[PDB]
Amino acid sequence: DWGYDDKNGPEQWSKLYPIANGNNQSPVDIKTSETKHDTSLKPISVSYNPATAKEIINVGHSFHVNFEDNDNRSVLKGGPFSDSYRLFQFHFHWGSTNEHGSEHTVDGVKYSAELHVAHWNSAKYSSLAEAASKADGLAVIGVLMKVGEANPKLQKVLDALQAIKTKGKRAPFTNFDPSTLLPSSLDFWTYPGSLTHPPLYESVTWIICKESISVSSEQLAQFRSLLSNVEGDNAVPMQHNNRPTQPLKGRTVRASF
C-alpha cells in the first residue's frame, strides 16, 4: 500500500498511519549546537557473530539482510542502554540521486545514503513481535553514507543483489559481520524515535554515528537497479526510499562527545 512515490509516499502516510504526525518520529535533523553532552553515556559495544547471518531478501521498497534470532550471539550494548539488544537485520536507505538519499541529517546536511543496523530488546521481551511497538523495544544504529570512494566492505552485499531482483526474492546470505561496515570512531548521538517508514512505531532508540562511511556512485547504482515489482509485472526500479526529517517536538539529542 504505502511507498515513496507521488501517490503513496511520506506526505500520504498519516492517512493510514496517524502516528506519522506523532511526537517521537524519525528521522530528524541533528543540530549540533543544540545537542547535550551526556557524561553518563557509555561507549557503544557491538559484538556480532558472522554465523548469525542468514539471508538477503527484496522487500519491495528495500532489501534486508536478516540474522538468526535464536540467541544472544550477536548483540549491541552500552551507550544509553541497560539491556542488551539482539541484532536481527541491517538494510540501507538511498535516494533518486547520488547526492541526496540519507534519512538523518546533521546540521541541515543531507547525505547520499544511510546504513541501518536494527536490534530488539531480548532482555525484556519475548520476541521481536512483542518488542516491536514498545518504547524501549528496538535499537537501530544509523550510519550516514557519503558518495565518493567505493566501499570494499559492501561487496558481499552487492554481489548478492542479482539474486534478489524482484519483490519477495530471497537468497542465502551467510558468514558476515556487519560491524565491519561501521566507522572507526564510535562517537555517536542518541535520541528517542521511531521506525522511519510504516508502521512508524515510536519504539526506537536511535544511535547515529558521528563519522560517515563511503559508497561509490556505481555501488549506489546497484541498490537502484533492484526492482520494487513482483517478477512478471512491469519493472519498477527501487529508485529511492528515504523519509524527510521530522520535528523533534521537544526531544533532546544526546551526544557522547
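The numbering used is simple: start at 1 and walk along the sequence shown. Note that the rigid core is defined as the largest set of C-alphas that superpose within 1.5 Å between two forms.
Put simply, when the other structures in 9 other deposited structures of this protein are lined up on the rigid core, the C-alpha atoms of 91-99 lie farther off than those of the other stretch, from 91-99 and 107-115. After superposing on the rigid core, the larger RMS C-alpha deviation in 9 other deposited structures of this protein belongs to 230-238, the other candidate being whichever of 230-238 and 9-17 remains. Set 151-159 against 96-104 and average the Cα temperature factors; 151-159 ends up higher.
When the C-alpha B-factors of 218-226 and 46-54 are averaged, 46-54 comes out higher. Per the PDB entry, 186 shows the highest C-alpha temperature factor of the residues 141, 186, 164, 144. Considering 90, 120, 173, 111 together, the PDB entry gives 173 the largest C-alpha B factor. The PDB entry assigns residue 181 a C-alpha temperature factor belonging to the highest third of its chain's modelled residues.
Annotation for residue 60: CA B-factor lies in the middle third of the chain's modelled residues. Annotation for residue 202: CA B-factor lies in the lowest third of the chain's modelled residues. Per the deposited record, the Cα B-factor of residue 26 falls in the lowest third when ranked against the other modelled residues of its chain. In the PDB entry, residue 86 places in the middle third of its chain by CA B-factor.
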